[PDB]
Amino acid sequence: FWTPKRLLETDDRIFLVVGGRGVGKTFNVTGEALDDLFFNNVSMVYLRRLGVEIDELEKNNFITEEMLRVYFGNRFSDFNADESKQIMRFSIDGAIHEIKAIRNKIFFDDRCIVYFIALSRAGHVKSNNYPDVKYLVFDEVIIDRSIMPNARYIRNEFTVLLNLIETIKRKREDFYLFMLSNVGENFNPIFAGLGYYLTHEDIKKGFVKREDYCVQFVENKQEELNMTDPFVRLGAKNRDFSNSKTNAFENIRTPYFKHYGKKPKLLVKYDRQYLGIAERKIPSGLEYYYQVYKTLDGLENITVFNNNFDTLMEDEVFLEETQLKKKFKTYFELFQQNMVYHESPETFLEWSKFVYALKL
């Protein structure tokens, strides 16, 4: 079982809930919000990375009779629904309420309470048609490689995400973000943008608080498997399917960490800092170290490459997008694969922001 009520008590307005596959995190987040959506004149936005995730989604059953029964209990009554017209009719507290699903929106008493959006299509939703939105739920935020073999994150995904947060949330203090992931691993833009490094010790804690967001890990429910049912036995016989259920933390993609004293081969100035790559000669080949330097101390003659022309100065060489791909592509490949040593987790996150921001 899982509920958002505990997190909503905390001051933080941003939550990352990872794990607990099949525990209905999306059901519970939507259910707890209902009272606000129905009667506090606030909306919700359901976000997905790709349009296909929403086009194939069954909007009509996003809100269910059972969901209304669980969250409103006895107050819920007189349920009658016309699935053919995507209309739900019921009574709460004796009042008559009707829920209608149209195109990519859900309406409660002729007022939109849920908006369905795809990050791929975020650019066209630049119109501010989101006045009353109080909740944003980004389901399946982290790609599952097991379930999907070749799913790719959006180019500069976090920048696209942050733009959508701003468009939907405008000078609105009362706003909430609920990123939900079935799988938790490192080396994803969402983790880099947040600044969160996933470690087994944090998973053991189960709850993690940070300056701008809160991270929670959900333990998969130990529900018994009925062996009288053949379908349960069939699933148990297939190991790949059975392992999937508990594969949330199968691999967290921990990176290699090592320290190299020697000065770096090259530097790139990004975000008030200089990122450096150091090559160490070893008999087999080369050992790569990725480092961050706060100031250009002891690096007088090392060339500095600047992605941004506006902040370009002194003897730095302007690196254009085509020129940058020519040289840092191999270094980027080394970063994507766990083939380089990182000075510390803090440095690893700075490098991740740069790679994913500029990745092509």
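We number the residues from 1 along the sequence you see.
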Averaging the C-alpha temperature factors as deposited, the higher value of 260-268 versus 148-156 falls on 148-156
Compare the mean C-alpha B-factor of 336-344 with that of 16-24 as given in the PDB entry, and name the stretch with the higher value.
16-24
Between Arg253, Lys221, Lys105, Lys205, which one tops the list for Cα B-factor in this entry?
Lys221
Per the entry's Cα B factor values, which of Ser242, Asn226, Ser127, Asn188 stands out as the maximum?
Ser127
Place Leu324 in the lowest, middle or highest third of its chain's C-alpha B-factors, as listed in the PDB entry.
highest
Ordered by C-alpha B-factor within the chain, which third holds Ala33? Give me lowest, middle or highest, please.
highest
What third of its chain, lowest, middle or highest, does the C-alpha temperature factor of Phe72 fall into?
highest
Split the chain's modelled residues into thirds by Cα B-factor; is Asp139 in the lowest, middle or highest one?
lowest
Based on the entry's values, in what third of the chain does the Cα temperature factor of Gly184 lie: lowest, middle or highest?
middle
